[PDB]
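Take a look at the structure set out below.
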4 protein chains.
Amino acid sequence: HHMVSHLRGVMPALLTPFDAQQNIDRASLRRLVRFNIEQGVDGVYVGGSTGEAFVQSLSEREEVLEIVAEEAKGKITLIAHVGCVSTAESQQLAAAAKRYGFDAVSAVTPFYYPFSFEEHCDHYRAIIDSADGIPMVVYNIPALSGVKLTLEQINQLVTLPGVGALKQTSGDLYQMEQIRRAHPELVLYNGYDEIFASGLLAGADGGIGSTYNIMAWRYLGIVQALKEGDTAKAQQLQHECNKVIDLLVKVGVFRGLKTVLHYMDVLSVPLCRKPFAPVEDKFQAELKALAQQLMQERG
Amino acid sequence: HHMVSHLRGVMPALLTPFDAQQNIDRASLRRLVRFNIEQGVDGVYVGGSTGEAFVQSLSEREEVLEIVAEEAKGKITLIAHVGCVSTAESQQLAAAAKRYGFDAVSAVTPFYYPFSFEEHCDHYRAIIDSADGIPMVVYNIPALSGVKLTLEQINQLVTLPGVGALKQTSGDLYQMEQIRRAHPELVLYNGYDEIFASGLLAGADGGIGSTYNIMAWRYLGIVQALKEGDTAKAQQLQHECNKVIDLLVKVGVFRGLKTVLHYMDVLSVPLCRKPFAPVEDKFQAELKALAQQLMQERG
Amino acid sequence: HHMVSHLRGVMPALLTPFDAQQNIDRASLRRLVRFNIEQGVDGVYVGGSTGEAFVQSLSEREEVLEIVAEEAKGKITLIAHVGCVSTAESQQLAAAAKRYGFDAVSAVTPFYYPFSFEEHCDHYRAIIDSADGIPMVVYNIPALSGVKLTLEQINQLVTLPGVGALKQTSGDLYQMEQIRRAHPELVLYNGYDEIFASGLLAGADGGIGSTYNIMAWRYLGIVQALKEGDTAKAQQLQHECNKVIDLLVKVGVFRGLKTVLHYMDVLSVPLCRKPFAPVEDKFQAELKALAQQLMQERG
Amino acid sequence: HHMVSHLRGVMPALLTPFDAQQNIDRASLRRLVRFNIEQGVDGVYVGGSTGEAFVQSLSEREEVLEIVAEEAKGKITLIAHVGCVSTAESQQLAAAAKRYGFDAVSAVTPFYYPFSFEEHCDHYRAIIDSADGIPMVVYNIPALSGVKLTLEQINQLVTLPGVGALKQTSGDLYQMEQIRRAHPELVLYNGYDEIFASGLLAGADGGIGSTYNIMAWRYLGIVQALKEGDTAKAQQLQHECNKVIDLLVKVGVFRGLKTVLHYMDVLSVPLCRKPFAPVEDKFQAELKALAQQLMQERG
Ligand SMILES: [Cl-]
Ligand SMILES: [Cl-]
Ligand SMILES: [Cl-]
Ligand SMILES: [Cl-]
Ligand SMILES: [Cl-]
Ligand SMILES: [Cl-]
Ligand SMILES: [Cl-]
Ligand SMILES: [Cl-]
Ligand SMILES: [Cl-]
Ligand SMILES: [Cl-]
Ligand SMILES: [Cl-]
Ligand SMILES: [Cl-]
Ligand SMILES: [Cl-]
Ligand SMILES: [Cl-]
Ligand SMILES: [Cl-]
Ligand SMILES: [Cl-]
Ligand code: NA
Ligand code: NA
Ligand code: NA
Ligand code: NA
């Protein structure tokens, strides 16, 4: 667990930009990668939930993976979310991530169909084998996956050979603390941005988040406030992140983030794929004012 | 709603046979269609959940759809489950179903990501458009999709232009009755085989089910018993169906069904796709005895 | 299970009438018991959830039990819901029901606090002991108790020495059928009036319900329709019951029932105890119209 | 919200000691109050969930209320949990708390029966009126009450006239932050001991908890650590608190705490009321070792 310490940190869950016809916008994808590097992030998490993975084909996900590796390999840590319901499809994306030079792969607990815990473990084992020597990030998101793992099951997942981290998109900070106590060296990512400060305090040593794409310096600022023992500053930063998250929940989270990035002249086209609707017109002024606030807050 | 009475009835949710390398077993697929026709079913529902749709590519789902149409068009009713999370993927499968001559399409409420009710309606509207004049079956399965529709939302979905039926995989038989009372003409399929008789009594006029692939005549028998007013016979048939479903839950439902069909010399290979494990050896004897029992019962 | 067949049937879950100051209305309680006897019911279930047991003191519940025994002992079957969270409180009510001559006691699974299955079993054993020879009805209502029993745990409860029946307030009619199949002689009451017909078909042999207080003959008629094999009549009667239940849900179920009974000249004051609010004025005309319809419906 | 700052702090949810026959052990109750005062706590919360309020009579709860006031009035803050399902019963306990000189009352959202939000509000208004001048603490515990309040409803509850605080027994630290942000002056108690440190960081300014009865100085130490910016010390204290909570979850929480207190020579008899079972013999060694550790840690 200590030989993959380079995986710790704050890493945006990269959005996948699409063009006006909902195809991959490669030029905007490259700009978004460069924008995140310039924000000072530790890494990027590609083709996750926030990446709209589950409305893309395998070929599209591979194209995105390869472009991001071109832009970012050697500059920041690269984690490829390869997870699919199908084990064989996940293996194909893991083998591709290996060829592109990613530092780690990740896979969401396979969803829709009920699978036994043993089926989950063999799924991770098969993907780890196809990753062919780069570590696995187990990705736990019970609210969307419907997979309700016990603590003892999480303990077994994160000790499988080849697993180097846990992305913990759970609001249960008792379990966060229990995972940390059971695995003092484990790379443990907070997945709910709206509790980032509290999740670090409960044992996470970094985070993977959708909203880091537009204000990663606030989350980096919370990491530093807590190291410096400035708890009032950590709370103030989290209050500001959550004011933004309240707005994003009102307008649509992924499309709201893409719209801000469009007003920051990063993404040419801010659409999500159907069935996500476009942003309602009445919310544009607020999203544009947020973009301008965030740009001014950097200098 | 009156012009789609030809969609009523008992229709197996067709399994998708795979070979030893987990590719589509076309020969076994054709024999499973013929086998279901020979059982006297009213139709087949292709590429659904039971069909392992969500561990298949679009290309594979199209291949299955086209094969089934070749075997069954003009002999029994053909319903194509074209549903994906992506609207555009679902539309591609709907346009393909239209080319192959299917009698209706169907789509599960798109899952994993939370979508507004308005986003769900526009998803169905777009698929109905690509289906280009064949009716849509709305497919409600809250336990796996995570979409919890109210009665009033269901009422709006089943009256969208182009919607001709509802696949109701819900054990809430108060809602089943309310849907029937609000739409006396609606084609309404019972989706949980283990309550078929009660679901008919609560208002369903047919059923779509995984276990109909191995014993459709029991469910046709329940329809008949209730029409005849032999409530005791309906109960006894459901008891026997549920003894089977108990066994299938113990061994794994889709792989148990495929194993029974392997022991009936229908499918050459009884595998599901990973991450479904194969059947445990200790259950083979029971599954073989069930196939023997069902074959002697047939005649 | 053979020697308690006299418990089978259709039994209203008796409302507890209160007066203007929210004290027990003894005269209206007597009139409601008599009204139910004249409706032809098989028994009465006293001091249950519908009886507002959990906003009453033990002394008040005992006074209600004794009165119902005076009015109904030897005329219809008498079941006393003695259940509390506390085991000793429940035992006090069971010992009292024994003194008053009840034919059976009943206890809801103790709630609010999480208790282990063994703690639940010991709770029932102690109450059965204090009931001193009259059988126990296990009362299962997960939606309000939060106790989620497995099928195998239900199998152990209904086989405790002294248990003669199960009140099954669950809409899961697979489990209903499984209970019937494992216990062919068990007295099994359908608890959700809105699926009564389907619940009988799935294996219940009677019911306990709040709405039987105002229209027991429809549920008795459903029993008769199914015995006769008139499945269409059973459905039509269930439709009519559910039209009423729809209204009761809109206005508040217990207070709406009490208001109907008020307009039938049975109850002097149609209030529930606080924090239940009174019925909104806008619903009075509907409730009065339903009272008239149910009265004309009888003769 | 500012004129009740004397309610902020760290307050054990007092256990109710019972004797060998399950009646109130008055002598052990007095020594438990004194023990907590001597731990440096800010107040005590009397007759709550932890106090086994819902297996006691109104008369028993008043006896405990009156004894605690006699021991602690004017030494530490006194909060009386007067909550019942019944509004009238809750009012009776609030009038008593007022007579005994309590500083505040509290009530759990009424449970078991579904009540509307307006019925909850009127319940609190009525108790506040009977409390006759002392502030009300709204007490939120969705996991046991089943009352799932939105954020906007919580906002309306804490702005009711006479409401001075919220006991927030929720693990959702997004909502915790949102409440703090919407009400910067609100007295906001963290209810889940196992996330205390994180709950403070998310906006709580105190806590009410069952495990404070045996180790309040750890929780006071966490407050001090977070004020001093020693995040690492706060984390270590929370780890130790959670090692204890793990053991208490394994043995049974209330009875485990009382057993520890017995081995601390505080409680003569460590029994909870039925249906809580006694502690298993095989856990006694661990609970005794824990008692010894906590005693030696104090100094
Ligand atoms: Cl290749
Ligand atoms: Cl490359
Ligand atoms: Cl699982
Ligand atoms: Cl830290
Ligand atoms: Cl820029
Ligand atoms: Cl084409
Ligand atoms: Cl929805
Ligand atoms: Cl029918
Ligand atoms: Cl006595
Ligand atoms: Cl008597
Ligand atoms: Cl349990
Ligand atoms: Cl029958
Ligand atoms: Cl009168
Ligand atoms: Cl008095
Ligand atoms: Cl509510
Ligand atoms: Cl603080
Ligand atoms: Na890095
Ligand atoms: Na047909
Ligand atoms: Na009787
Ligand atoms: Na104080």
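The way I read the labels, and the way they are meant: chains A, B, ... in the order of the structure tokens, residue 1 as the first residue of every chain, and ligand 1 as the first ligand shown, with later ones counted on from there.
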
Proximity check chain D to chain C, 8 Å, nearest pairs one decimal Å, only C-alpha atoms, as CSV:
```
residue,atom,partner,partner_atom,distance
D:54,CA,C:85,CA,7.0
D:55,CA,C:86,CA,4.8
D:56,CA,C:86,CA,7.8
D:85,CA,C:55,CA,6.1
D:86,CA,C:55,CA,4.8
D:87,CA,C:274,CA,5.4
D:88,CA,C:274,CA,7.0
D:110,CA,C:275,CA,8.0
D:112,CA,C:144,CA,5.5
D:113,CA,C:144,CA,6.8
D:115,CA,C:276,CA,6.8
D:119,CA,C:275,CA,5.7
D:120,CA,C:275,CA,7.0
D:122,CA,C:275,CA,7.3
D:123,CA,C:275,CA,5.6
D:144,CA,C:112,CA,5.5
D:145,CA,C:112,CA,6.7
D:273,CA,C:86,CA,7.4
D:274,CA,C:87,CA,5.4
D:275,CA,C:87,CA,5.6
D:276,CA,C:119,CA,6.5
D:277,CA,C:119,CA,6.4
```

Kindly export the residues of the current selection with N, CA, C and O atoms, as a short mmCIF file (atom, residue, chain, number, x, y, z; two decimals), in the first residue's frame.
```
data_model
loop_
_atom_site.label_atom_id
_atom_site.label_comp_id
_atom_site.auth_asym_id
_atom_site.auth_seq_id
_atom_site.Cartn_x
_atom_site.Cartn_y
_atom_site.Cartn_z
N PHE D 54 -38.79 5.01 25.64
CA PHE D 54 -39.95 4.40 24.99
C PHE D 54 -40.27 3.00 25.51
O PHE D 54 -41.18 2.35 24.99
N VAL D 55 -39.57 2.55 26.55
CA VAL D 55 -40.01 1.43 27.36
C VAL D 55 -40.32 1.87 28.80
O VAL D 55 -40.31 1.08 29.70
N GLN D 56 -40.59 3.15 29.01
CA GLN D 56 -41.00 3.66 30.31
C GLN D 56 -42.37 4.33 30.22
O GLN D 56 -42.77 4.82 29.17
N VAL D 85 -45.04 9.87 20.94
CA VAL D 85 -45.87 9.94 19.75
C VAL D 85 -47.04 10.88 19.99
O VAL D 85 -47.33 11.78 19.20
N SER D 86 -47.74 10.67 21.11
CA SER D 86 -48.86 11.53 21.51
C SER D 86 -48.42 12.95 21.83
O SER D 86 -47.47 13.17 22.60
N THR D 87 -49.14 13.93 21.30
CA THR D 87 -48.88 15.32 21.69
C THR D 87 -49.26 15.56 23.14
O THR D 87 -48.50 16.17 23.90
N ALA D 88 -50.43 15.09 23.56
CA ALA D 88 -50.86 15.30 24.93
C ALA D 88 -49.87 14.71 25.93
O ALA D 88 -49.57 15.34 26.96
N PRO D 110 -42.51 12.85 16.08
CA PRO D 110 -43.35 11.70 16.43
C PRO D 110 -43.34 10.65 15.33
O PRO D 110 -43.32 10.96 14.13
N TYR D 112 -43.75 6.13 14.17
CA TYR D 112 -44.60 4.97 13.91
C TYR D 112 -45.67 5.32 12.87
O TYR D 112 -45.63 4.82 11.74
N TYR D 113 -46.60 6.16 13.23
CA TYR D 113 -47.58 6.63 12.26
C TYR D 113 -46.95 7.71 11.38
O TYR D 113 -46.24 8.59 11.88
N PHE D 115 -47.00 11.14 9.83
CA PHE D 115 -47.65 12.41 10.07
C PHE D 115 -47.15 13.40 9.02
O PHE D 115 -46.01 13.29 8.55
N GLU D 119 -48.48 18.58 10.73
CA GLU D 119 -48.80 17.92 11.99
C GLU D 119 -47.59 17.90 12.92
O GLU D 119 -47.73 18.11 14.13
N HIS D 120 -46.39 17.69 12.38
CA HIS D 120 -45.17 17.80 13.20
C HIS D 120 -45.03 19.19 13.80
O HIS D 120 -44.72 19.35 14.98
N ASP D 122 -47.31 21.50 14.39
CA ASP D 122 -48.31 21.74 15.42
C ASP D 122 -47.99 20.96 16.70
O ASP D 122 -48.24 21.44 17.81
N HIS D 123 -47.45 19.74 16.55
CA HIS D 123 -46.95 18.98 17.70
C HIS D 123 -45.91 19.78 18.48
O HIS D 123 -46.03 19.95 19.70
N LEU D 144 -34.14 5.93 13.04
CA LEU D 144 -35.06 5.26 13.97
C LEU D 144 -36.49 5.79 13.87
O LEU D 144 -37.45 5.02 14.04
N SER D 145 -36.66 7.09 13.61
CA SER D 145 -38.00 7.67 13.54
C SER D 145 -38.69 7.38 12.22
O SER D 145 -39.93 7.33 12.16
N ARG D 273 -34.16 -2.65 29.81
CA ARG D 273 -35.47 -3.29 29.88
C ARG D 273 -35.75 -4.18 28.67
O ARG D 273 -35.35 -3.88 27.54
N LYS D 274 -36.45 -5.28 28.92
CA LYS D 274 -36.92 -6.17 27.87
C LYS D 274 -37.75 -5.39 26.85
O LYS D 274 -38.58 -4.56 27.23
N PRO D 275 -37.60 -5.67 25.54
CA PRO D 275 -36.94 -6.85 24.93
C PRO D 275 -35.42 -6.78 24.76
O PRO D 275 -34.83 -7.73 24.20
N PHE D 276 -34.71 -5.75 25.23
CA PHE D 276 -33.26 -5.83 25.27
C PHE D 276 -32.86 -7.03 26.13
O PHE D 276 -33.36 -7.21 27.25
N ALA D 277 -32.01 -7.88 25.57
CA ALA D 277 -31.42 -8.99 26.31
C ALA D 277 -30.25 -8.51 27.17
O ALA D 277 -29.70 -7.42 26.95
#
```

For this session: Compile the contact shell of residue 202 in chain A as a VMD selection string: residues with an atom at most 9 Å away, counting only C-alpha atoms, same-chain residues fewer than 4 positions apart removed.
Result: (chain A and resid 173 to 178 180 197 to 198) or (chain D and resid 195 197 to 198 235 238 to 239)

Would you save the residues of that selection, restricted to N, CA and C atoms, as a CSV table (one decimal), in the first residue's frame?
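Ended up saving to part.csv:
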```
chain,number,residue,atom,x,y,z
A,173,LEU,N,-19.3,8.7,7.3
A,173,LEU,CA,-18.0,9.0,7.7
A,173,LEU,C,-17.6,8.1,8.9
A,174,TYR,N,-18.5,7.3,9.5
A,174,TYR,CA,-18.0,6.3,10.4
A,174,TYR,C,-17.3,5.2,9.6
A,175,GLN,N,-17.8,4.8,8.5
A,175,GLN,CA,-17.1,3.8,7.6
A,175,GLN,C,-15.8,4.3,7.0
A,176,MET,N,-15.8,5.6,6.6
A,176,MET,CA,-14.6,6.2,6.2
A,176,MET,C,-13.5,6.0,7.3
A,177,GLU,N,-13.8,6.4,8.6
A,177,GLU,CA,-12.8,6.2,9.7
A,177,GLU,C,-12.5,4.8,9.9
A,178,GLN,N,-13.4,3.9,9.8
A,178,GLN,CA,-13.1,2.5,10.0
A,178,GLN,C,-12.2,1.9,8.9
A,180,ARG,N,-9.9,3.7,7.2
A,180,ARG,CA,-8.6,4.3,7.6
A,180,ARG,C,-8.0,3.5,8.7
A,197,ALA,N,-14.1,18.6,3.4
A,197,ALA,CA,-13.4,18.9,4.6
A,197,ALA,C,-13.6,17.8,5.7
A,198,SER,N,-14.9,17.5,5.9
A,198,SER,CA,-15.2,16.4,6.9
A,198,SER,C,-14.7,15.0,6.5
D,195,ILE,N,-19.1,10.1,14.3
D,195,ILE,CA,-18.6,11.1,13.4
D,195,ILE,C,-18.5,12.5,14.0
D,197,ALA,N,-16.1,14.4,15.4
D,197,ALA,CA,-15.1,15.4,14.9
D,197,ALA,C,-15.6,16.0,13.6
D,198,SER,N,-16.0,15.1,12.6
D,198,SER,CA,-16.4,15.5,11.3
D,198,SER,C,-17.7,16.4,11.4
D,235,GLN,N,-8.3,13.7,15.2
D,235,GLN,CA,-8.4,12.4,14.5
D,235,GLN,C,-8.1,11.3,15.4
D,238,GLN,N,-10.9,10.6,17.8
D,238,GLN,CA,-12.1,10.0,17.2
D,238,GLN,C,-11.8,8.6,16.9
D,239,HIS,N,-10.6,8.2,16.5
D,239,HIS,CA,-10.2,6.8,16.3
D,239,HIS,C,-10.5,6.0,17.6
```

Exercise. Would you name the residues within 8 Å of ligand 19, counting only C-alpha atoms and all ligand atoms, and put them as an NGL selection string?
Worked result: :C and (6-9 or 41-43 or 76-78)

Problem set entry | Selection within 8 Å of ligand 13 by only C-alpha atoms and all ligand atoms, output as JSON, numbers by chain | {"C": [28, 262, 265, 266, 267, 268]}

Within 9 Å of ligand 8 (only C-alpha atoms and all ligand atoms), residues as a PDB file with N, CA and C atoms, in the first residue's frame:
```pdb
ATOM      1  N   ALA B 197     -50.302 -14.880 -10.904  1.00  0.00           N
ATOM      2  CA  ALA B 197     -51.745 -15.043 -10.712  1.00  0.00           C
ATOM      3  C   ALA B 197     -52.350 -13.841  -9.982  1.00  0.00           C
ATOM      4  N   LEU B 200     -52.311 -10.667 -12.404  1.00  0.00           N
ATOM      5  CA  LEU B 200     -53.509 -10.730 -13.241  1.00  0.00           C
ATOM      6  C   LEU B 200     -54.768 -10.319 -12.468  1.00  0.00           C
ATOM      7  N   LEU B 201     -54.977 -10.899 -11.284  1.00  0.00           N
ATOM      8  CA  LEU B 201     -56.185 -10.547 -10.535  1.00  0.00           C
ATOM      9  C   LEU B 201     -56.214  -9.061 -10.182  1.00  0.00           C
ATOM     10  N   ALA B 202     -55.053  -8.454  -9.955  1.00  0.00           N
ATOM     11  CA  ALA B 202     -54.996  -7.026  -9.660  1.00  0.00           C
ATOM     12  C   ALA B 202     -55.116  -6.134 -10.898  1.00  0.00           C
ATOM     13  N   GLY B 203     -55.145  -6.690 -12.109  1.00  0.00           N
ATOM     14  CA  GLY B 203     -55.430  -5.869 -13.275  1.00  0.00           C
ATOM     15  C   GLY B 203     -54.570  -6.150 -14.490  1.00  0.00           C
ATOM     16  N   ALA B 204     -53.461  -6.866 -14.320  1.00  0.00           N
ATOM     17  CA  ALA B 204     -52.623  -7.186 -15.466  1.00  0.00           C
ATOM     18  C   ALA B 204     -53.399  -8.094 -16.408  1.00  0.00           C
ATOM     19  N   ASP B 205     -53.136  -7.963 -17.710  1.00  0.00           N
ATOM     20  CA  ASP B 205     -53.808  -8.809 -18.689  1.00  0.00           C
ATOM     21  C   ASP B 205     -52.820  -9.684 -19.443  1.00  0.00           C
ATOM     22  N   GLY B 206     -51.633  -9.862 -18.886  1.00  0.00           N
ATOM     23  CA  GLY B 206     -50.606 -10.655 -19.516  1.00  0.00           C
ATOM     24  C   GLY B 206     -49.358 -10.598 -18.664  1.00  0.00           C
ATOM     25  N   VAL B 223     -53.615 -18.170 -16.663  1.00  0.00           N
ATOM     26  CA  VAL B 223     -54.557 -17.334 -17.413  1.00  0.00           C
ATOM     27  C   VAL B 223     -55.877 -18.069 -17.601  1.00  0.00           C
ATOM     28  N   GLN B 224     -55.802 -19.308 -18.094  1.00  0.00           N
ATOM     29  CA  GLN B 224     -57.001 -20.096 -18.364  1.00  0.00           C
ATOM     30  C   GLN B 224     -57.778 -20.390 -17.082  1.00  0.00           C
ATOM     31  N   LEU B 226     -57.980 -18.759 -14.327  1.00  0.00           N
ATOM     32  CA  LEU B 226     -58.677 -17.586 -13.821  1.00  0.00           C
ATOM     33  C   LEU B 226     -59.844 -17.198 -14.722  1.00  0.00           C
ATOM     34  N   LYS B 227     -59.663 -17.279 -16.044  1.00  0.00           N
ATOM     35  CA  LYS B 227     -60.779 -17.053 -16.958  1.00  0.00           C
ATOM     36  C   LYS B 227     -61.919 -18.026 -16.680  1.00  0.00           C
TER      37      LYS B 227
ATOM     38  N   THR C 231     -64.134 -14.611 -10.654  1.00  0.00           N
ATOM     39  CA  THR C 231     -62.960 -13.749 -10.546  1.00  0.00           C
ATOM     40  C   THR C 231     -63.287 -12.319 -10.967  1.00  0.00           C
ATOM     41  N   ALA C 232     -64.211 -12.146 -11.915  1.00  0.00           N
ATOM     42  CA  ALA C 232     -64.576 -10.806 -12.365  1.00  0.00           C
ATOM     43  C   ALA C 232     -65.286 -10.026 -11.265  1.00  0.00           C
ATOM     44  N   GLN C 235     -62.741  -8.818  -8.711  1.00  0.00           N
ATOM     45  CA  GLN C 235     -62.003  -7.660  -9.214  1.00  0.00           C
ATOM     46  C   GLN C 235     -62.824  -6.397  -9.097  1.00  0.00           C
TER      47      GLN C 235
END
```

Problem set entry | range 109-235 of chain A: residues DSSP assigns to alpha helix (DSSP H), reported as a PyMOL selection string | chain A and resi 117-131+142-145+151-158+173-182+196-201+212-227+231-235

Exercise. What is the CA of residue 17 in chain D to CA of residue 270 in chain D distance in Å?
Worked result: 7.1 Å

For this session: With a distance cut-off of 12 Å and only C-alpha atoms, select the neighbouring residues of residue 296 in chain C, excluding the residue or stretch itself and same-chain residues fewer than 6 positions from it, and output the selection as a PyMOL selection string.
Result: chain C and resi 215+264+289-290

Just the residues within 9 Å of residue 61 in chain C, please, counting only C-alpha atoms, with nothing from its chain fewer than 6 positions along; format it as a PDB file with C-alpha atoms, in the first residue's frame.
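Dumped everything to around-v5.pdb:
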```pdb
ATOM      1  CA  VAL C  46     -58.828  -4.450  19.093  1.00  0.00           C
ATOM      2  CA  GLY C  47     -56.199  -1.894  20.024  1.00  0.00           C
ATOM      3  CA  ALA C  53     -52.826   2.066  20.358  1.00  0.00           C
ATOM      4  CA  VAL C  82     -51.435  -6.144  23.288  1.00  0.00           C
ATOM      5  CA  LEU C  93     -52.135  -6.154  28.335  1.00  0.00           C
TER       6      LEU C  93
END
```

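Nearest to residue 150 in chain D of all the residues D:96, D:4, D:134, D:179 is D:179, based on only C-alpha atoms.
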
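Running DSSP on the backbone and keeping only strand (DSSP E), the residues of range 108-225 of chain A that qualify are residues 108, 136, 137, 138, 139, 140, 163, 164, 165, 166, 167, 168, 187, 188, 189, 190, 206, 207, 208 and 209 of chain A.
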
File dump, residues just selected, N, CA, C and O atoms, as a tab-separated table (two decimals), in the first residue's frame:
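Saved the output as result-v1.tsv:
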```tsv
chain	number	residue	atom	x	y	z
A	108	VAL	N	-16.00	0.99	-11.17
A	108	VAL	CA	-17.19	1.02	-10.34
A	108	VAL	C	-17.66	-0.42	-10.10
A	108	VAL	O	-17.52	-1.28	-10.98
A	136	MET	N	-5.16	-0.89	-9.15
A	136	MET	CA	-6.60	-0.67	-9.24
A	136	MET	C	-7.11	0.23	-8.12
A	136	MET	O	-6.74	0.08	-6.95
A	137	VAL	N	-8.01	1.15	-8.49
A	137	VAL	CA	-8.79	1.94	-7.55
A	137	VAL	C	-10.19	1.37	-7.53
A	137	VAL	O	-10.95	1.56	-8.49
A	138	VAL	N	-10.55	0.66	-6.46
A	138	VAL	CA	-11.95	0.30	-6.24
A	138	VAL	C	-12.79	1.57	-6.08
A	138	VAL	O	-12.42	2.51	-5.36
A	139	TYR	N	-13.93	1.61	-6.78
A	139	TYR	CA	-14.82	2.77	-6.86
A	139	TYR	C	-16.18	2.37	-6.29
A	139	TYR	O	-16.91	1.60	-6.92
A	140	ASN	N	-16.50	2.92	-5.12
A	140	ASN	CA	-17.69	2.58	-4.35
A	140	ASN	C	-18.66	3.76	-4.38
A	140	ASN	O	-18.32	4.84	-3.87
A	163	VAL	N	-4.84	-4.00	-5.80
A	163	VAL	CA	-5.66	-2.85	-5.45
A	163	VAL	C	-4.81	-1.86	-4.65
A	163	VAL	O	-4.22	-2.22	-3.63
A	164	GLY	N	-4.77	-0.62	-5.11
A	164	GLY	CA	-3.94	0.37	-4.46
A	164	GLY	C	-4.69	1.52	-3.84
A	164	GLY	O	-4.08	2.37	-3.19
A	165	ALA	N	-6.01	1.56	-4.02
A	165	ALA	CA	-6.78	2.68	-3.50
A	165	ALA	C	-8.26	2.36	-3.51
A	165	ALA	O	-8.72	1.41	-4.17
A	166	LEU	N	-9.00	3.23	-2.84
A	166	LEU	CA	-10.46	3.19	-2.75
A	166	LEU	C	-11.00	4.57	-3.04
A	166	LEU	O	-10.63	5.54	-2.36
A	167	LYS	N	-11.87	4.68	-4.04
A	167	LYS	CA	-12.65	5.93	-4.22
A	167	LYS	C	-13.96	5.75	-3.46
A	167	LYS	O	-14.78	4.89	-3.85
A	168	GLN	N	-14.15	6.51	-2.39
A	168	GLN	CA	-15.25	6.24	-1.46
A	168	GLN	C	-16.29	7.32	-1.64
A	168	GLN	O	-16.22	8.38	-1.02
A	187	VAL	N	-4.57	4.52	0.10
A	187	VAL	CA	-5.01	5.73	-0.60
A	187	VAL	C	-6.53	5.72	-0.61
A	187	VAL	O	-7.15	4.77	-1.10
A	188	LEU	N	-7.13	6.78	-0.09
A	188	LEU	CA	-8.56	6.78	0.22
A	188	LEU	C	-9.14	8.11	-0.24
A	188	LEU	O	-8.90	9.14	0.40
A	189	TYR	N	-9.90	8.09	-1.32
A	189	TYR	CA	-10.40	9.31	-1.94
A	189	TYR	C	-11.81	9.62	-1.45
A	189	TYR	O	-12.71	8.78	-1.56
A	190	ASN	N	-12.01	10.83	-0.96
A	190	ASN	CA	-13.36	11.32	-0.70
A	190	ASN	C	-14.08	11.57	-2.02
A	190	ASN	O	-13.55	12.28	-2.88
A	206	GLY	N	-7.32	12.42	0.30
A	206	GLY	CA	-7.42	13.13	-0.95
A	206	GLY	C	-8.86	13.05	-1.41
A	206	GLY	O	-9.74	12.67	-0.63
A	207	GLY	N	-9.09	13.36	-2.68
A	207	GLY	CA	-10.45	13.36	-3.20
A	207	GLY	C	-10.47	13.28	-4.71
A	207	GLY	O	-9.52	13.69	-5.38
A	208	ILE	N	-11.57	12.74	-5.23
A	208	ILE	CA	-11.90	12.74	-6.66
A	208	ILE	C	-13.30	13.32	-6.76
A	208	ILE	O	-14.22	12.83	-6.11
A	209	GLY	N	-13.44	14.39	-7.54
A	209	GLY	CA	-14.69	15.14	-7.56
A	209	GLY	C	-14.96	15.82	-8.89
A	209	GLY	O	-14.05	16.29	-9.57
```

For this session: Return as a PyMOL selection string every polymer residue, whether protein, DNA or RNA, with at least one atom no more than 10 Å from an atom of ligand 9; count only C-alpha atoms and all ligand atoms.
Result: chain C and resi 92+95-96+99

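Across the structure, CA of residue 222 in chain A and CA of residue 196 in chain A are spaced 8.1 Å apart.
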
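Distance annotation: of B:31, B:75, B:250, B:1, the residue with the minimal separation from ligand 18 is B:75; atom set is only C-alpha atoms and all ligand atoms.
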
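When CA of residue 39 in chain A is paired with CA of residue 83 in chain A, their separation reads 26.9 Å.
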